[PDB]
Amino acid sequence: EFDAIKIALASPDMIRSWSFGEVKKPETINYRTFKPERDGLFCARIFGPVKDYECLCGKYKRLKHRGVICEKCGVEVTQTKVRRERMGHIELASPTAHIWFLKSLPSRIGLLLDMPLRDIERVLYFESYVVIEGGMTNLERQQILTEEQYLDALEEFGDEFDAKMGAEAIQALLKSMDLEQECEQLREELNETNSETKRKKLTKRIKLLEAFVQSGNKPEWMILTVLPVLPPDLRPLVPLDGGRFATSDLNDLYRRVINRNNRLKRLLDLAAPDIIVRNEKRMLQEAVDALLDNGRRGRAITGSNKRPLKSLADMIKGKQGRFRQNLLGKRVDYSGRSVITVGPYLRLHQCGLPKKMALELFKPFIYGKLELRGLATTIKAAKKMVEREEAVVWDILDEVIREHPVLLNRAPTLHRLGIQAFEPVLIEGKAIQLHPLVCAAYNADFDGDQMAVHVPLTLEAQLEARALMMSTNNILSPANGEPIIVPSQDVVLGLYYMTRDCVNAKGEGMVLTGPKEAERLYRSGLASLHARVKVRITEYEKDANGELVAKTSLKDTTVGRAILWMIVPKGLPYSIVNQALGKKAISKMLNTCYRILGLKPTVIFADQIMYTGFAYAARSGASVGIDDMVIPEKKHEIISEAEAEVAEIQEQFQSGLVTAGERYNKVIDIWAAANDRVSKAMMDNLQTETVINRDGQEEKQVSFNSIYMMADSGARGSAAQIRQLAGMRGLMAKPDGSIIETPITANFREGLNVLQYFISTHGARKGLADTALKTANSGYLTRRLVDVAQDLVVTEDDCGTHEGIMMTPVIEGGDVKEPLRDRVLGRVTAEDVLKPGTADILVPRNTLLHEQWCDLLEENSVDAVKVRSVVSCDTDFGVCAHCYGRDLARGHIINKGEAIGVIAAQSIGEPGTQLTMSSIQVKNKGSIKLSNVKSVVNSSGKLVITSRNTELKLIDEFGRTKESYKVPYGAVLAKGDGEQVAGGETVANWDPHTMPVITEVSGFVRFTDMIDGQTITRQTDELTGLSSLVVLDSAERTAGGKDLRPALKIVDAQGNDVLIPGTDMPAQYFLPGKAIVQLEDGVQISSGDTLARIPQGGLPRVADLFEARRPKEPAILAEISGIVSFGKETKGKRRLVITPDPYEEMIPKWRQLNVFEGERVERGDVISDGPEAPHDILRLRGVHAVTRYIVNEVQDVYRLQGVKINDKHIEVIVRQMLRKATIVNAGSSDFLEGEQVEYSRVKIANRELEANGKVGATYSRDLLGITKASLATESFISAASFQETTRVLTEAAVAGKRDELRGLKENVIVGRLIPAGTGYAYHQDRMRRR
Amino acid sequence: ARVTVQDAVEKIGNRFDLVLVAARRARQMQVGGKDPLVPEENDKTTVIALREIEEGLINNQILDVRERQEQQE
Amino acid sequence: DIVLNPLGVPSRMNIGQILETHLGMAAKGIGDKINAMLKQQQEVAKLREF
Amino acid sequence: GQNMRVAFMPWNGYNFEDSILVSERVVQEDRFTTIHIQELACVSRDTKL
Amino acid sequence: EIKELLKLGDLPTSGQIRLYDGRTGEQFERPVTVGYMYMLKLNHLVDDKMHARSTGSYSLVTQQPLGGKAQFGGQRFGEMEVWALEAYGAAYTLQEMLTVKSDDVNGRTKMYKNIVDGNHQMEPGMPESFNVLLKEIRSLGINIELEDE
DNA sequence: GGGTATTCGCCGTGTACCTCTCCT
RNA sequence: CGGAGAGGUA
DNA sequence: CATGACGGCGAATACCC
Ligand SMILES: Nc1nc2c(ncn2[C@@H]2O[C@H](COP(=O)(O)OP(=O)(O)O)[C@@H](OP(=O)(O)OP(=O)(O)O)[C@H]2O)c(=O)[nH]1
Ligand SMILES: [Mg+2]
Ligand SMILES: [Mg+2]
Ligand code: NA
Ligand SMILES: [Zn+2]
Ligand SMILES: [Zn+2]
């Protein structure tokens, strides 16, 4: 029916064409009757009959009469629904300015006219005059005349020119400006201009003028001569107790506009004095812009209560606006909700639906089935049978829902798995029964949680529920690929208890024919569940061709493990159960089952595991009592010793031996050590128990204490909670965050005193309020991510790109943060992966790395793998399946049509609430490797480092690096390159308080261009008395010293200068202030010594990274490589002009500089320290560098909290951040040089130009924040529905934008099939038919 | 078919295409009066279509061939 | 009368519900004796003593 | 509230994730049966007709 | 003191006793904490919370279902729910959420008739809320319209 | 007259659900 | 049945 | 009248040449 949405300015003729009549009266309805007044806001001849086919006077009341316009009342007989489609118009007595095109920054009228917004406000609101077409007088065409000077100019010369005020003057100025010639004037003035600020300001106007020129919009249309009126059925009057009506908050503004328009009309024909007429014009203007955007300028016009009136702009913007409240989401039919209870008997694909809810939800299906078998002749008969709830009605309801899935949802829906499909089972009662294993996916529990249920009506929806959303098809997390249905709590406890072993349990030493005999013995009480026995076990292993070869052997196991073996499907080894099965062990068992056997056996196995866990947790009788919280008997003496220690420290402080701060630090350390000792004693006493062996001998075994079993199994609790229960609560923090000196020595079993409890309330309140105020920030970040990634869909199988990102294991130095396996699992290689033979190809160019491929890579000691990424994908309008890689939830390569952007946004957003707002030493055996390092002579023979950026790698024999360290300048290694290290020795040392200028060759240092007393000064510290020299800072020095810069040359006994071989410049070093010359003149400086001394994370961090926010003190980098030339130094801010054509740069002087005046740094080198701005990373080191930076920085935050998110989601977000490009050279393309456009547009244009053989345009990739990227998208519909609806719609209307319904949000709003998933092919069929 | 669609997915190759083909077949059986190619073990048209797909009896090409034969005879 | 899950006690660290439970048992025990003394129609002195 | 004889043990999943298992004797003794009083208003007004 | 009171009542001092499974009579393997806890019934009864709607009354401006159990309203399928549907690729389920279950007046009538007829097929149309948005933007003096087919 | 540090006004700030009173 | 205010549940 | 929010960002302002 339509392919696009067109938006532009509305001409008065267009507004009249929309309208069906003019509203002239300010009254809505006569409230004595219920009839609407003639020519009012609810008038019937204009908008339509109130009743269906009933004209207002009531003559014509029939369908036959339809189409006849009644000549008595004037109302056309027709559907009453036309009252919500037919618009009115108000003929304004005077022109009025539209507030959106005036106040919404940038002012479109102001920019289009170059008169400041202040002057437009004063003139429109009747505080000044503007001269229009002055002519031969000195007055210009945009000069402001004050009320006091207007008549003065009139008397001086008041006839040849024209001057006006109000909206009429602004409309005249807008209508008397020629667009094209003024564009030409501005475009030429853009050339003959010397100010780069001026060229930006002119190009802004040029871009606005081109908008008005390329579209059919006329500037004068921004002044409203005709005001459209919304249809009355869209602004109804809600009856309150029948008699009285509430304030509509929209009809009131219309009434004020009509009142002021009528007053202005009745004064216009009256020819009243100009002062009151101008005042009425001004008041009509504020009435109009209050109707459009109430409160945008000035005081918010107020209703009966102090609450501001809700304007037309408020209708379409905000959380309660049309877009977010009625288009991007809406209330639905065939839906219900109820409290959830646990269904432990349910299968994974089943849910427990109350039969009353099912009867209501499936009601039309029941009616259809009643008609089918003849039990109900009519609709009313079926309705009565359903209301009476007859037995046959219940049988029909059972028939209908047998395989009709329903959707269960729990708010907040943080990820797609927050809505899942289940087969309903009719249950009594009123609560929905939920399968336990899906609770983790829902973040659901049974302490009051409620869930919504929805009925997929159509066959397509039912099959989507079954194949896409059913819980049995969604057992893997899309964020990281890990299973979601791992047993928790009592199931884990049951499996752990039944798989535990007891030293002297009943039935020990028995030899059993198999699991069946073990179950028989346990159920008959002849053998304990933990008895160590020998059992004949037949296990199955897949062969090369996939058949299950059976091997039978005698296993040393327990009775419970043998019993649990019966539910293990064939193909899994017996070792997976021959252990005490905790939470991680059960999860690993489910992982093994999924890897070996597939999805359906995994679901069956998970259900069987949950049944067994419930049953044996019940049989165990696991409880919790006060005695289970065993407090160590050494706790009291540990506390006494800590108190004595802190008392000794306090006595030392009272004797002045220690100060207050170090006293506090020492006491805190002592109490922390005491807490550690108490925790260790408690855990040691709690984790082990004594038991009589087979013989009368004591033996130690893992304790069967209930709390310890729950914690060790992983069902519930942890070390911190156990030590809070039975150890001590520990050190607490004050509200400002400082640690309280005295910790809580009591535990929860002993009970706290008033003081300790009040102290703990500080942290409790802090945590609860932190959660309450962080959930909103997490939701906002999730929404921004969803918008920035909403339209990204897998649209291709393979784009054929060769580029990719280089994946290495994440190592911060001294630990393996993240292995290579998890960073390449499910990825597609971008190039060939070789064997250590360097010739044999381990992995070809287009392999999808599954588990076996990763096993091969780690077995052949692979260091780095180049993999394809969505950031480097060549696909336009989406990405290819190969660059994205494996679908984490499904476990195979991503299918075409998947909305990976929304998946990535949810994957990142969901754990948001879990987020909380000297010398190097190698610690392991391995060879040493240095890169970007040079070998020089040394005084002691151990190499110094000279390069600005130096890093050290420890390669552990086989060829894989394990640790990586950063070596600052002037750091002398304690060993050499390529030397094996036992582990635990200081590899390199450096003084952090001293920055040397070390010279490679020895000789006497000569003070060249050095003046004593001006640029260098002598002190003698009393402790030493040495004549130490200090270089005065380039600004802190004297006036005479400011002219001369410090310089130290290298001379030797021979007299000449020995310099760095290979160069043409003599070796000269400069020490620009804050430098300590400790040695005297003419002293042999051996290499390897110092010459001068120079001193020296949570959810908001993730949001800042995704918004591409600039750091407060960004690290300065080199725009172009070359030798640095500091032409300007100090002078408020040192200006460094590098030289490869040299380019100047402006740098603050108070910033530290790693570079020296004679250093040849490369492009992207760290000139100064500080957090790196991602924009600079993209500009200088490329797209891959900024992608890696964002990925690493986000994953640091998420790993700190133990959250596992695949990097590909962050890469999707980065790719959405990198959609814009600025044209550097126009070439033969149509793009204006220096403008920002879509990178895909530039790719297509360059591709077609190169196909024609012409030269393509050059571009610079732009990194935009997710909010900025979302607001800069081509579709104005999506941007308007996101944020800043007024500004976005104003931009679209002025530019005459056209929106092709290409994205997910756009098609959701217009209620079409989204171009993703099952609808994707439909859109393809829509595209290929044009 | 019922609990999981892995066999049907691997027959079709694309899960969304599987949903579309199953919907077409289920509409044929529910509204078009067509008969199941598998025994009707008290299943719904959607599940019957999925069972037919996972056994290779029904796919997009087979449905197109049968449609052309039906309209040309 | 009601079966509560022990596993909601350790991580919640609301140990009072356990102690109250113990104390509740003790309380009921006292009543269980007094009720018995009331059912056997024991001497008022015996109830006084207990 | 009411004094309930409580046992701390898992019971076949019916107390999973803070769920509560309640004996039918509690229902029979009306231990937690509660009285709710609802006020319905019928207003005869003066219509135009 | 609690253990002393337990002794006075001839009860175990640990507060744990031997329990038997009513279903089978089998003794539970470990002692179970059994006592008396004072329990409250909160004013969050499932009677007041359970609610379901197939069809019902609709709003005036938007033709979407009303809100609230008291008004027999439908559940709100909000933005994050739509995001979940998009992430599943369930385009038809999302479309029926947007149109035949909400403000598509003609679509919902046809859907109800088809369900009664046993034809589980939808013929979605333009939601009325989009038309309301278009009229509202037009009332702001902005010409917004749909293009040709 | 022109470049740049400071200022001012606007934009945004979680979902779903439940109860009550009061409102030209 | 729209809005406002207040409180509450997850 | 309300005077308990604040961070980010772009247009406008002022200050310093
Ligand atoms: N989640 C879960 N499912 C179980 C379990 N045990 C059996 N099932 C599966 O449930 C499905 C329904 O069982 P049926 O026995 O066919 O029941 P029916 O009479 O209602 O048709 C069967 O799969 P099917 O219909 O043959 O499915 P498919 O193989 O076509 O996917 C069966 O394999 C369990 O413990 N957990
Ligand atoms: Mg909860
Ligand atoms: Mg079956
Ligand atoms: Na099967
Ligand atoms: Zn008439
Ligand atoms: Zn690609």
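Naming convention: chains lettered A, B, ... in sequence-line order (proteins, then strands); numbering from 1 in each chain. All heavy atoms count here, side chains included; hydrogens, waters and symmetry mates do not.
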Trainee: Counting any heavy atom closer than 4.0 Å, what does A/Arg255 reach on the DNA or RNA strands: base, sugar-phosphate only, or nothing?
Mentor: nothing

Trainee: Measure from the side chain of A/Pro106, starting at C-beta and using heavy atoms only, and say which of F/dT24, F/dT13, H/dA11 lies closest.
Mentor: H/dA11

Trainee: North or south for the sugar of F/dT19? Use the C1'-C2'-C3'-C4' sign convention, positive meaning north.
Mentor: north

Trainee: Of the listed nucleotides (F/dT15, H/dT13, F/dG2), which one gets closest to any side-chain atom of A/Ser195?
Mentor: F/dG2

Trainee: Mapping A/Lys1112 and A/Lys306 onto DNA chain H by nearest heavy atom, which one lands closer to the 5' end?
Mentor: A/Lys306

Trainee: Indicate, with a heavy-atom threshold strictly under 4.0 Å, whether E/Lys69 touches base, sugar-phosphate, or nothing.
Mentor: sugar-phosphate

Trainee: Which nucleotide sits closest to the side chain of A/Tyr780: H/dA12, F/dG12, F/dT24?
Mentor: F/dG12

Trainee: Side chains of A/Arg322 and A/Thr1285: is there a donor and an acceptor less than 3.5 Å apart?
Mentor: no

Trainee: Starting from P on H/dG10, measure out to CD on A/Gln1236 and report it in whole angstrom.
Mentor: 11 Å

Trainee: Can you figure out which of F/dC10, G/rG3, G/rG2 approaches the side chain of E/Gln71 most closely?
Mentor: G/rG2

Trainee: Using the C1'-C2'-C3'-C4' sign, is F/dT13 on the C3'-endo (north) or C2'-endo (south) side?
Mentor: north

Trainee: CZ of E/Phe77 versus P of F/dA16: gap in Å, rounded?
Mentor: 11 Å

Trainee: Over how many whole Å does the gap from A/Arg322 atom CZ to G/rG2 atom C1' extend?
Mentor: 11 Å

Trainee: What pucker, north or south, follows for H/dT13 from the sign of the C1'-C2'-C3'-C4' torsion?
Mentor: south

Trainee: Relative to the 5' end of DNA chain F, which residue comes earlier, E/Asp48 or A/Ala246, by the nucleotide with the nearest heavy atom?
Mentor: E/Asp48

Trainee: Contact class for A/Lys1268 (heavy atom, under 4.0 Å): base, sugar-phosphate, or nothing?
Mentor: sugar-phosphate

Trainee: What is the nucleic acid contact for E/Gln75, judged by heavy atoms within less than 4.0 Å: base, sugar-phosphate only, or nothing?
Mentor: sugar-phosphate

Trainee: Have a look at A/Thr913 and say if it touches a base, only the backbone sugar-phosphate, or nothing, with a 4.0 Å heavy-atom cut-off.
Mentor: nothing

Trainee: Under 4.0 Å, counting only non-hydrogen atoms across every strand here, what does E/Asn43 touch: a base, just sugar-phosphate, or nothing?
Mentor: nothing

Trainee: With nearest nucleotide decided by heavy atoms, which residue, A/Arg299 or A/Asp1104, maps closer to the 5′ end of DNA chain H?
Mentor: A/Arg299

Trainee: Do A/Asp1262 and A/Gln1236 pair up side chain to side chain, a donor and an acceptor below 3.5 Å, judged on atom types alone?
Mentor: yes

Trainee: Taking only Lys NZ, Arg NE, NH1 and NH2, and the carboxylate oxygens of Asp or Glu, determine whether A/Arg297 and A/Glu286 approach each other closer than 4.0 Å.
Mentor: no

Trainee: For E/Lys41 and D/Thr34, which I'm curious about, is there any donor-acceptor pair between the side chains at under 3.5 Å?
Mentor: yes

Trainee: In terms of the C1'-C2'-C3'-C4' torsion, is H/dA5 a north or a south sugar?
Mentor: south

Trainee: What is the distance, to the nearest angstrom, from the NZ atom on A/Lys103 to the P atom on H/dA12?
Mentor: 11 Å

Trainee: A/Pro412 has a side chain; which of F/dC17, F/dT13, G/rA10 sits nearest to it?
Mentor: G/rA10

Trainee: Need to verify one output field. Residue with the more 5' nearest nucleotide on DNA chain F, A/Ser104 or A/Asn777?
Mentor: A/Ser104

Trainee: Can a donor-acceptor pair be found between the side chains of E/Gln71 and E/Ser57 at a distance below 3.5 Å?
Mentor: no

Trainee: Ignoring the backbone of A/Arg410, work out which of G/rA10, G/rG8, F/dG3 is nearest its side chain.
Mentor: G/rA10

Trainee: The side chain of A/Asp449 lies closest to which of these nucleotides: F/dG12, G/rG3, G/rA10?
Mentor: G/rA10

Trainee: What nucleotide among F/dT15, G/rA10, F/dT4 has an atom nearest to a side-chain atom of A/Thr197?
Mentor: F/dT4

Trainee: Among side-chain atoms of E/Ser102 and A/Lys330, is any donor-acceptor pair under 3.5 angstrom?
Mentor: no

Trainee: Does A/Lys319 have a side-chain nitrogen or oxygen under 4.0 Å from the phosphate oxygens OP1 or OP2 of F/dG14?
Mentor: yes

Trainee: Mind telling me if F/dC10 is north or south by its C1'-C2'-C3'-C4' torsion?
Mentor: south

Trainee: Out of F/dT15, F/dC23, F/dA16, which nucleotide sits closest to the side chain of A/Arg337?
Mentor: F/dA16

Trainee: Looking only at the side chain of A/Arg331 (C-beta and beyond, no hydrogens), which of the listed nucleotides F/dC17, F/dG12, G/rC1 gets closest?
Mentor: F/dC17

Trainee: Roughly how far apart, to the nearest Å, are G/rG3 and H/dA5 at atom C1'?
Mentor: 26 Å

Trainee: For A/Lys204, report the nucleic acid contact type (base, sugar-phosphate, nothing); a contact means any heavy atom under 4.0 Å.
Mentor: sugar-phosphate

Trainee: Are E/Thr62 and E/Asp103 close enough that a side-chain donor and a side-chain acceptor fall under 3.5 Å?
Mentor: no

